[PDB]
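Asker: before the rest arrives, take these chains from my complex:
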Amino acid sequence: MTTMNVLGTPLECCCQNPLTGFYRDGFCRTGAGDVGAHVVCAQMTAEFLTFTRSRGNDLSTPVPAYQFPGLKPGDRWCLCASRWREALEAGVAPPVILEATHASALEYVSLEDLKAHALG
């Protein structure tokens, strides 16, 4: 049974801002529109913010087109695998939450380097 809200639609996240996932449903799930594969749920560290900006991947500078204030460190986010696997081999990979990162991350990296950099 699909679980339902007052309006008659499927119940959505009662999420905090900032809202996550490429489809803004709260989930590092991937799909058609995305080609970046934002399947890694990471916690933002200022080093990584700084590192990926340099690579062509600034996730820091706010932009309220969508109403998207950028990302403070400590905030969670769905990042491209390739954009994380960069910070991994550059020794600056941010802490990942594995139950929140899609299975296809493993087509990019291994469980072991993911586990390696978990949050505990």
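Answerer: Okay, I see it. Numbering: from 1, shown residues only, chains lettered A, B, ... in the order given.
Asker: residues near residue A:11, how many?
Answerer: Residues near residue A:11, counting by other C-beta atoms under 10 Å, number 11. From N, CA and C alone the C-beta is placed, and that goes for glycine too.
Asker: which residues does it contact?
Answerer: A:3-5 (C-beta atoms under 8 Å, 6 or more residues apart in numbering).
Asker: how about residue A:14?
Answerer: By C-beta under 8 Å, 6+ apart, residue A:14 lies in contact with nothing.
Asker: where's it relative to residue A:26, distance?
Answerer: For residue A:14, the distance to residue A:26 equals 9 Å [C-beta to C-beta, to the nearest Å].
Asker: cool, and residue A:101?
Answerer: Separation of residue A:101 from residue A:26 (C-beta to C-beta): 13 Å.
Asker: so which of these two has more stuff around it?
Answerer: residue A:101 (23 against 17).
Asker: contacts only, for the more buried one.
Answerer: Residues near residue A:101 by C-beta under 8 Å, 6+ apart: A:28, A:39-41, A:114.
Asker: restricted to helices, list those.
Answerer: Counting by DSSP state H, the part of the contacts of residue A:101 found in helices is residue A:114.
Asker: and of the contacts of residue A:101, the nearest to residue A:10?
Answerer: Residue A:10 has its nearest neighbour among those in residue A:28, at 18.7 Å by C-beta to C-beta.
Asker: include chain B as well:
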Amino acid sequence: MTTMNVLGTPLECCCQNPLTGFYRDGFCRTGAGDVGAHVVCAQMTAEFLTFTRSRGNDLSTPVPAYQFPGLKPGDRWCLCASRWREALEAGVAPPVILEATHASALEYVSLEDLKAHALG
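Answerer: This next block brings in chain B, placed alongside the chains you saw above:
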């Protein structure tokens, strides 16, 4: 198809702290353990924080038993319907996000007073 994480489990929320829902999955869904029916996704206002505390429902004072820092205003949360319907007839009801509140809230209040106090 149930969507999956690296570990082999269903993909969870890539949520921000504070984490929401009675079952800490991010959703104002209800179920067996809960008898409070925390089915209303509201945004915290200091007045309401203050109002419900007085009624026997302090959601403000932190408690790291669970590691639960309490609730700043502006934060989202799953509140009992009865604890909201209190603030409604006491003219101090906090702003609700309807796509994020369970259908059974309507066994407590109406769409119209919910809609009335949406976020837009």
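Asker: and the neighbour count of residue A:11, now that chain B is part of it?
Answerer: By other C-beta atoms under 10 Å in any protein chain shown, 21 other residues sit near residue A:11.
Asker: and the gap between it and residue B:80?
Answerer: Using C-beta to C-beta, one obtains 17 Å as the distance from residue A:11 to residue B:80.
Asker: excluding its backbone neighbours, what's nearest residue A:63?
Answerer: Sequence neighbours aside, residue A:70 is the residue nearest to residue A:63 in space, at 7.3 Å (criterion: C-beta to C-beta, 6 or more residues apart in numbering or on different chains).
Asker: is it true that that neighbour touches residue A:64?
Answerer: No. Shown here, residue A:70 and residue A:64 do not form a contact pair, counting by C-beta atoms under 8 Å, at 10.0 Å.
Asker: which of the two has more neighbours?
Answerer: Counted by other C-beta under 10 Å, residue A:70 and residue A:64 do not tie: residue A:70 has more neighbours, with 14 against 7.
Asker: confirm the more buried one sits in a helix?
Answerer: No. Using DSSP: H, G, I helix; E, B strand; the rest coil, the assignment for residue A:70 is coil, not a helix.
Asker: show me the contacts for it.
Answerer: A:59-63 (C-beta atoms under 8 Å, 6 or more residues apart in numbering or on different chains).
Asker: now render those as CSV, adding neighbour count.
Answerer: CSV is the format used below for the contacts of residue A:70 (neighbours: other C-beta atoms under 10 Å in any protein chain shown):
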residue, neighbour count
A:59, 16
A:60, 15
A:61, 9
A:62, 9
A:63, 9
